[PDB]
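First comes the structure, then the notes that go with it.
Chains as they are written, first to last, in PDB author numbering: chain E, 51 to 99; chain H, 67 to 104.
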């Protein structure tokens, strides 16, 4: 009670590098989806990736 | 057999082994996937 732990929007801390990592995964997915359309990878390879 | 069916496809269905000009990525995909997975 005396310390009074609470919970705000700011306290819900995401690690600094999430934006870098999500953008990298998005880029690799985008390139693979293009080459799937070209016929360079098959549908199971796209599914696994 | 796989001689009459090929002839049937040519005569009845108009099959022909037309050339496919592939990119290096498509050429690699067909040559490597015949060996396995990884």
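Quick reminder that beta carbons are idealized off the backbone N, C-alpha and C, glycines included.
Under the three-state DSSP convention, the category residue i falls into
i, result
"residue 81 of chain H", "coil"
"residue 70 of chain H", "helix"
"residue 52 of chain E", "coil"
"residue 94 of chain E", "helix"
Exposed unless 16 or more other CB atoms sit within 10 angstroms - verdict on residue i
i, result
"residue 71 of chain H", "exposed"
"residue 91 of chain E", "buried"
"residue 31 of chain H", "Residue 31 of chain H is absent from the structure shown; chain H starts at 67 and stops at 104."
First and last residue of the uninterrupted alpha helix (DSSP H) at residue i
i, result
"residue 77 of chain E", "68-88"
"residue 93 of chain H", "90-98"
Closest residue to residue i among the options (Cα-Cα distance)
i, options, result
"residue 99 of chain H", "E:95, E:77, E:81", "E:95"
"residue 89 of chain H", "E:83, E:55, E:52, E:88", "E:88"
Stretch pair the segment 55-74 of chain E + the segment 67-84 of chain H: three plus CB contacts closer than 8 Å: no
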